[PDB]
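What follows is one chain in C-alpha cells, specifically the form solved without its partner chain.
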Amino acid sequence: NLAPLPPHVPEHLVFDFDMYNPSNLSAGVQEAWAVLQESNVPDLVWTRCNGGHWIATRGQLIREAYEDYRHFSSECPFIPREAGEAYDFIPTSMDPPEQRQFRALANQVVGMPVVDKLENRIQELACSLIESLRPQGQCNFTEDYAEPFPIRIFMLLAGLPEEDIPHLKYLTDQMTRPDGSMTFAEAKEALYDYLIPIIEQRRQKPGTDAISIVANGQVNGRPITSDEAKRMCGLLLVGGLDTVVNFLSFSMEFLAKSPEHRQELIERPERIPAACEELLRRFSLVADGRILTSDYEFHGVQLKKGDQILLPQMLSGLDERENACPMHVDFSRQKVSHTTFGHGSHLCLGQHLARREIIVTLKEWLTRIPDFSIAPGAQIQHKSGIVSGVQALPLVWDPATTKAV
C-alpha cells in the first residue's frame, strides 16, 4: 500500500521502508531498521509507505534535524500524518520557546531528585519480583517482570490504582504500535477520558502524587489549565507504560544469549552503568519525527512545506560512522554514541528514571539468576512502531544455579 510519489521527490531517493512492519523484522527489529544503512541507500530517502515521508538514515542528519526546530517542527511529530495531527501531548507537540515552561514542570515530577528519592522503592520492587521468580526456573519475562516492574513504579509515582494497568497498557500500545482496531485519536481520547475525572479531583483535593503536582502547577507565571495538565499526563502515561517496559526485554533477550556478558557484570559491577549505556545504544527503540515548516534544501535534498520526516532516534547509534561494528555489544566502548533518549530541546525527561530502573534490574537480576537462557526452540519475535518491542520472552534456568539474598 504505497502512496503516489510526489512531484518534488526524485525517484533515486525512493526506498519503501515500512516503520510499522519492516521487511527484515525476523532478523531483529534493530537489524530490520539497519537495512536503511546499507551502501545502496542514500543518507536521506523517501518512503511511499504510511502516506509517504522522508527518513533520515544517518546520525549526523538525525541530530541536525532535531536541533533545528525552526525547520523541523514537533507540531506533527508522528507518522502517519493522522497520528501526528491528532497528537497533542505536552511538551512533545510544542516547539521552543513555548515548550520551556511545560518541560520544567514535567521535570518536577520525574526528574533526578524524584528518582533518587524513589530509588529505595525501585530496588525493593525489583528484589521482590525477582526473588519470587527465582525458585521457579522459568518465566515469561515480558509479563512477569518487564511490565510489572516499571509500570508499578510509575503507578506509585502517579498515585494511580494498579487495577487500571490493563486498561491503560492497551491504550498506550494502540498509539505506539497500532493494531488497526482504533485510530490514534480514539486511543488518545480514551486516555484523556480516564485522566479528566482524576485531574478534576486532584485540582480540588491536591495530593503529593505526580498528577496532583502537574494539575496544580504553574506555567508562564499562571495556573496550568485542566486541558494542559491532561495533555502532559497523557505523555507521562506513555513514558511510564511503554518505554522501559520494552527496552528491558531487548536487553534481557541479549543477556540470555550471552553468558560472557553476564559473567562480566557479575564480577565487575562497576561496569553496569556503562553496560546500561551500551545496551541503550544497541537496542535503541524509539522513532518519531518532525514536520517541515516550509520549503527547505537539506543536504542537497529539496524538502517541501508540510512534508513529514522520520528521524529515527534508534538509528544514530547503529550508524557505523558513529560506532565501529555497530551491531556488536561491547561494554568497554571508548565512547557509546547514541540518541536513544532523543536529541535537542525534547531530550527525554524520564531518562534518569529509565537508567535507574535498567541498572537496578541488571544488578538485582544477575545477582539472583546469573545463569539463564531462552527457552528451547523458542522463536523470539519483535514488533516495530513509534516504540518497538518484544512479543514474548520465555526464559529458563536451573533453580539450583540461583542465589537468594
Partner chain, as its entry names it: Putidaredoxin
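Numbering follows the first chain given and starts at 1.
Unshown form deposited with its partner chain bound; subsequent notes refer to it.
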query: Partner-proximal stretch of 375-383, 339-347, 36-44, 53-61 relative to its partner chain in the deposited complex, 4.5 angstroms, heavy atom; finding: 339-347
query: Contact flag, residue 113 vs its partner chain in the deposited complex, heavy atom cut 4.5 Å; finding: yes
query: Non-hydrogen atom contact residue 104 with its partner chain in the deposited complex at 4.5 angstroms; finding: yes
query: Non-hydrogen atom contact residue 261 with its partner chain in the deposited complex at 4.5 angstroms; finding: no
query: Any non-hydrogen atom of residue 352 within 4.5 angstroms of its partner chain in the deposited complex; finding: yes
query: Heavy atom within 4.5 Å of its partner chain in the deposited complex - the one residue of 304, 100, 71, 177 that qualifies; finding: 100
